[PDB]
6 protein chains.
Amino acid sequence: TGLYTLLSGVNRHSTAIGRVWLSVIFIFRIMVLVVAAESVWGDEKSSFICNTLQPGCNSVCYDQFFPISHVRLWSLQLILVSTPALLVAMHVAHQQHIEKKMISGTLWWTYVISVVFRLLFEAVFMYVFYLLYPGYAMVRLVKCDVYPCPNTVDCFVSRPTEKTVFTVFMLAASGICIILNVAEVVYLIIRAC
Amino acid sequence: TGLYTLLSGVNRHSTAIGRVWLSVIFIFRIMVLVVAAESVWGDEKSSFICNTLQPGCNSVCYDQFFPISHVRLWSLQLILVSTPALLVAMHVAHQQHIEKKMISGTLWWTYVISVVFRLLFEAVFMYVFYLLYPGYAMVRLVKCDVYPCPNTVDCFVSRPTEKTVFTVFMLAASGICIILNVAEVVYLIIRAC
Amino acid sequence: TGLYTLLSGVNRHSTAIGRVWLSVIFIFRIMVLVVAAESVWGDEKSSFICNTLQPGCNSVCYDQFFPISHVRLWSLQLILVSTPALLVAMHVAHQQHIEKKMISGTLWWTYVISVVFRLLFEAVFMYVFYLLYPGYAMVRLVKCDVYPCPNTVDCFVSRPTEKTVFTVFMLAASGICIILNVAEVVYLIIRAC
Amino acid sequence: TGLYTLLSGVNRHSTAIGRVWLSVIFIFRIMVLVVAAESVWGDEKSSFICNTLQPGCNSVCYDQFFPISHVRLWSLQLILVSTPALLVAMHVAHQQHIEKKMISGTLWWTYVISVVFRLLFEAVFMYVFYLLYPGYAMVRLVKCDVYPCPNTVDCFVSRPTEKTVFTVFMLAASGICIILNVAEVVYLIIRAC
Amino acid sequence: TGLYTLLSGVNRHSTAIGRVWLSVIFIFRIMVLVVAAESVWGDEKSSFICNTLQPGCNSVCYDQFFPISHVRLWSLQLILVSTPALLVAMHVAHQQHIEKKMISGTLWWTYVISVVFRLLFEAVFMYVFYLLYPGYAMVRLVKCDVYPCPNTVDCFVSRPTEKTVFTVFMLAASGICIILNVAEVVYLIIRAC
Amino acid sequence: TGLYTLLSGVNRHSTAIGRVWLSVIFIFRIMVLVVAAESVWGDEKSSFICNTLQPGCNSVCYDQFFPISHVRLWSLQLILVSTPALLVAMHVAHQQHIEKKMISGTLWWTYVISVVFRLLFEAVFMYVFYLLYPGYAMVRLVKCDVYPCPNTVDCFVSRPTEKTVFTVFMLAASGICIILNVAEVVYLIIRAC
């Protein structure tokens, strides 16, 4: 769990919000994603079927309705959110090594910039999820008219309800993280002056 | 096992009940879930079949009768139950770091609040399991009339008896945990006055 | 292997029988179960076939003849047998922590009670295995008349001979463990007076 | 993560660019590849289908259109890029062992040569990717006329859009790495004189 | 590798033969078994087919011709061969603990008895392999007349040649181990007098 | 990576060639084999198809044309090449233990003998690969006339081009290793006199 707290963004300049609350939500998102990755999204494409005899209609309809899986989006979001924290950690390690082989304001500014970048990454991933999948709920039946499917065909999604439940969990966690990051930057600015 | 005892909620203010009994039941639930996750619930959907020629009826009937798998419910319950313990642990680490870089009542109140939250999470997960699956036993044959299935169709469940056995084990463990948490809060309150 | 010896029940009051013989048999059972879990019992249900055209007869016949797999029974037996040892270990750790932050008879009684509980768990699992599967051998062909199968159908089991061999190994190991536990309690009682 | 930073090429003569920026991009590429390896490229061939009754046409068309998978190309690129860094590390360990059992310019020249070799490997892998797959986007339908397929047949690709997204990510990361390596060699040369 | 050398039977009374040669062959057998377990024996039963329309003939013929897989036999042989070494190690640990909380001949006799038991286990497993599979080579086609197969049917084995190669490797390694154990006991007896 | 360098054959008498160059090539071969084992050779037999209705022709033709897979050959080669290095390491550990409980020429001769044995193993595996697969390239279509296939049938290979690429990589690495071993023995002999 120490690696997870390192990836969260725990810093010596971090207050209680960034040190005890943000890291726990980060670990919670990691655990939920690990639980839901291959158990419920594993057969998303192999169990996707359409009512037709046309060869190749299943693959094109699946690609049309799921340009990128929810799990891959969440994985990319977690990686990009954790990147600035380890960037700051490597910078601190470099500074300590330089000190050993031979200010605090630079650390403070680096921390606030990294928090701002985390907030931006979370916001943009929320926006792209809203663009791709406007509704938080997943439906059982979809209508597909992409070539080579003739006219319109009915296709059926695997495990819509369980996927909806996990989507609600993940979106709520992301929203909480956004609120906590905004509170963190505001608190740091207030403490500065 | 040390990580498991940390996730259980072992604290310096914990009595014998919370330190030697609750953690063991937590580890027992973890081990049973690990044993039963993919061995018996792995083919829940791929082996689910219905007596019909209608395309898409298997998937919609499976989604209707199993909105969320038992294993996923137990995994979410374990994650949410273990969250407050590591929240308390991170708060203790933060307090110790603050002391290093420069009371007991706060620790006591944090511990009692975390125990209450664990009790609430266990109770709400028991209630939601009762709502979704009223009977502890799983049946071999189910009747499905969801669109697009015509009229009513017969569908067959994989491994009903083994799933019933593991459900009984998990429910008994959860009930024991609830009783132990109630005893813990009562004992702490009694020792307080 | 140290974790396995801890799970066996090695204690400072343990004699040679409980310290050098019981733990080795415990590790042997763990290793045999790990070898045989998914190699030979992996396709128990997917390769189970019956001579019929009736939909759903394979699943109901498999559920009728295998209410719970042998591997899951052995896993549950190992978990329940190892539970009292780690309960005792956690109690000892709690006692030592209490001593650090500030008798032998309590340890002796706890050890004998844990050994008795291990003996009881092994005996009850042997009895339930005898109830479910009276014969140690597994047959190639079974006769199934459960609804919806019409009349009686023939069904065929995967790898009967290899499963029989591993069943003999596991039963012999369990019997040896029972005998050793009885010898342990008798020896401790004799040394007491 | 320490092994990853070692494989990146962190050296005592490295500046900030090579120590805190290049290593993070290396770890980012590793993580994205781990996420995308078997999740989205796992069923590239088993789900590849063509509209024909000719036996063997699926395999020959897949081999014609995908001589080597994107994931394998990226894996080989990462291995070859990380080779000179560990070569330098082993040379440093050998030099230190020789010193223990009994100049800086040799280390400086070895570092600059290793950086040049990393730049060359990244450039050649970019060029070979451009040769094999000129467009960054993947199409849904391809036309195949390789023997034994009669005339021309239509074949359908699995998950074109998700693969396009991950390809864009990987190409952008590789370009950033190339730019950073060029900046590193230029900065080292400038500091030399 | 330290655990492997412990399982081999390295003891303070061991000579060069038992300390540097037997352990290497043990590790070699472990590595070859790990390589060949699921790569070449993984599809032994799923790819086994017979030329018939009779339901259930494939399973009964496979069970008749392969009562227990070669890989499972080798796994059991390795476990049973490694058991006496860890029994001796646990006895030594028990003796040292007894010394700490408060002769060499006992250690010498325990070592020679354990070597004899290892020799016996290897010999009996060689004999049982000879009984089950008289020829070291595996054939492509087998003739099966077990009920319910009508008359005699032809069945085909997966990867006969690769399995033959690995069988030759494993048998040669086992024979070398037997010879080395005999040399070890003879050398110890000679050194005794 | 330390275990890999130990398996390479790094010794206190090793020069730069054996200490910094041979070990890197060994690790490179290990990594390439790990990447290519199950990704590209995983479906070698399940996707192998022939244009016929004869039962059992696919398996016999696959066995005829691929007596042993390339990946298994490379795995065996790596194991046998790494065996003498760990034999020498265990001999050194035995010598140091003997010294602790109570010359350099023996170490020198052991090192040169181990290098010669590594060279011999690499050469013989190269020769056997040349015998089994004379051409470095793999073809799409093969002609099979083994019983029970009637007359001659066409069979199709999975991923010929990617397998050719990885074969070229592995053969080049093995040739480099052979050249480096010859240079090592020549350099040691020259330094001796």
Side-chain angles (χ1 to χ4, degrees), chain A residues 43 46-47 49 51 140 156 158-159, chain B residues 36 38-67 69-71 133-167, chain C residues 41-69 72 132 138-158, chain E residues 46 53-60 148:
Chain A
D43 67 326
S46 63
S47 298
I49 56 174
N51 192 340
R140 284 173 180 168
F156 300 90
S158 313
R159 312 172 185 261
Chain B
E38 62 101 3
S39 300
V40 304
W41 262 277
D43 67 327
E44 53 185 350
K45 185 178 170 62
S46 63
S47 298
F48 186 90
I49 57 174
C50 303
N51 191 339
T52 189
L53 279 174
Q54 179 68 43
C57 182
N58 286 3
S59 60
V60 300
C61 292
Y62 174 85
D63 187 65
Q64 173 67 209
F65 278 97
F66 300 105
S69 181
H70 298 234
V71 169
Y133 306 108
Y136 73 92
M138 193 169 298
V139 75
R140 284 173 179 169
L141 190 153
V142 294
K143 309 279 188 177
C144 177
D145 58 77
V146 179
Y147 183 88
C149 312
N151 310 122
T152 302
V153 301
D154 293 340
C155 304
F156 300 89
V157 184
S158 313
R159 313 172 186 261
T161 308
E162 199 166 17
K163 291 175 179 176
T164 301
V165 173
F166 279 91
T167 297
Chain C
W41 261 277
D43 67 327
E44 53 185 347
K45 183 177 171 61
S46 62
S47 299
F48 186 89
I49 57 173
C50 304
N51 191 341
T52 189
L53 280 174
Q54 179 68 43
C57 182
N58 285 2
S59 60
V60 299
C61 292
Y62 175 85
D63 187 65
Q64 173 68 208
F65 278 97
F66 300 104
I68 174 173
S69 181
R72 259 74 81 180
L132 294 179
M138 194 170 299
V139 75
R140 286 174 180 169
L141 190 152
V142 294
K143 309 278 189 178
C144 177
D145 58 76
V146 179
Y147 183 88
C149 312
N151 310 121
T152 302
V153 300
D154 292 340
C155 304
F156 300 89
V157 184
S158 312
Chain E
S46 63
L53 280 174
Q54 179 68 44
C57 182
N58 285 3
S59 61
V60 300

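Below, chain A is the first sequence line, B the second, and so on; all start at residue 1. Basis for what follows: all heavy atoms, side chains included, without hydrogens, waters or symmetry-related copies.
A salt bridge is absent between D43(B) and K45(C); no separation between the charged side-chain nitrogens and carboxylate oxygens falls under 4.0 Å.
Going from atom CZ of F156(A) over to atom SG of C57(B) covers 9.0 Å, rounded to the nearest 0.5 Å. Note that the CG atom of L141(C) and the SG atom of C50(C) stand 9.5 Å from one another [nearest 0.5 Å]. The line from CD of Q64(C) to OH of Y147(C) is 15.5 Å long, rounded to the nearest 0.5 Å. Residue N51(C) holds its CG atom at 10.0 Å from CG of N58(C), rounded to the nearest 0.5 Å.
Using a distance-only test at 3.5 Å, with no hydrogens or angles considered, a donor-acceptor pair links the side chain of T164(B) to the main chain of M138(B).
Within the 4.5 Å cutoff, the side chain of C61(B) has heavy atoms near those of the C149(B) side chain. Using a 4.5 Å cut-off on side-chain heavy atoms (C-beta onward), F65(B) and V157(B) make no contact. When side chains are defined from C-beta on, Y62(B) does not count as touching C155(B), because their heavy atoms never get closer than 4.5 Å. In this structure, the side chains of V153(C) and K143(C) stay at 4.5 Å or more apart for every pair of heavy atoms. Residues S39(B) and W41(C) form no side-chain contact, since every pair of their non-hydrogen atoms from C-beta on lies 4.5 Å or further apart.
Taking both residues in full, the closest heavy atoms of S69(B) and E44(B) are given as OG-OE1, 3.0 Å, listed atom of the first, atom of the second, then distance. Looking at every heavy atom in both residues, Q54(B) comes nearest to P150(B) through CB-CD, 4.0 Å. Closest of all the heavy-atom pairs between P148(C) and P55(C) is CG-O, 3.9 Å. The minimum heavy-atom distance linking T167(B) with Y136(B) is given by the pair CG2-O, 3.9 Å. Taking all atoms of both residues into account, the shortest heavy-atom contact from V146(B) to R140(A) is CG1-NH1, 3.3 Å.
For an aromatic pair to be called close, the ring centres must be under 6.0 Å apart, and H70(B) with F166(B) fails this.
At most 12 non-hydrogen atoms from other residues, nucleotides or ligands lie less than 6.0 angstrom from CD of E38(B).
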